[PDB]
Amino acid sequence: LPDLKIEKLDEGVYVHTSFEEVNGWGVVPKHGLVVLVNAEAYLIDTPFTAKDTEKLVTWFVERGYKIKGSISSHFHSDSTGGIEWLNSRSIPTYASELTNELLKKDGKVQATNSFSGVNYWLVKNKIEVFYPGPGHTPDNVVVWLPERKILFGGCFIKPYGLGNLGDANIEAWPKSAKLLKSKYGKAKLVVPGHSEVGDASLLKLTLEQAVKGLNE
């Protein structure tokens, strides 16, 4: 029910926030990014719905920023819900091979472009994809913007509680978070999927929460 939000975070970097009512959770916000590269837009995660995906795309297109592509950080609908709509508009969609395998298992439309293995450049030296290992989901990836030092952690970054454990790997999450913290300690900003933007301390807080959740 709250409207899509689009807010500038940094030069060429915007945070989009969409909202869903989730049974037992109440209203759940979902953050992704729009990243501008030579005045074209890349969507980092789609909103939950085709409606908010269209609103997001239109906001940029009507301002002269063509959509070059989207990438989805994991198979959950809060990262993937707009894939069908983007595909229908011939906008390239990206997801890991494993994310696409889990979408297909969940009866969902797949991204048209897949990648495997651990580091992938969506845009050489500008938008990097990294797989830290299983945590929130088996397939969760993070997106790094090296020129800005901004990490989109997505639903893997859980600084105050692990959220929905439905598809989580509570055994692997601590090792995965330790690796992410080691690689991205230099981050200026970490953008979580469900919590507000913070600094690199969110990598430590996620590790602390994963360690705490394995204990039970």
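Throughout, we count residues from 1 along the sequence that is shown.
J.: Could you check which stretch, 169-177 or 66-74, carries the larger mean CA temperature factor in the entry?
T.: The deposited B-factors put 169-177 ahead on the C-alpha mean.
J.: Regarding 19-27 and 191-199, which shows the higher C-alpha temperature factor on average in the entry?
T.: The deposited B-factors put 19-27 ahead on the C-alpha mean.
J.: Between 43, 162, 61, 50, where does the Cα B-factor run highest in the record?
T.: When the deposited C-alpha B-factors of 43, 162, 61, 50 are compared, 162 is largest.
J.: By the record's CA B-factor, is residue 93 among the lowest, middle or highest third of residues in the chain?
T.: Its C-alpha B-factor belongs to the lowest third of this chain's values.
J.: By the recorded C-alpha temperature factor, relative to the other modelled residues in its chain, which third is residue 80 in?
T.: It falls in the bottom third of the chain.
J.: Which third of the chain does residue 110 land in by C-alpha B-factor: lowest, middle or highest?
T.: Within its chain, residue 110 is a lowest-third residue by C-alpha B-factor, going by the deposited values.
J.: Split into thirds by Cα B-factor across the chain's modelled residues, where does residue 86 land: lowest, middle or highest?
T.: Bottom third by C-alpha B-factor.
J.: Once the chain's modelled residues are ordered by C-alpha B factor and cut into thirds, is residue 158 in the lowest, middle or highest one?
T.: Within its chain, residue 158 is a middle-third residue by C-alpha B-factor, going by the deposited values.
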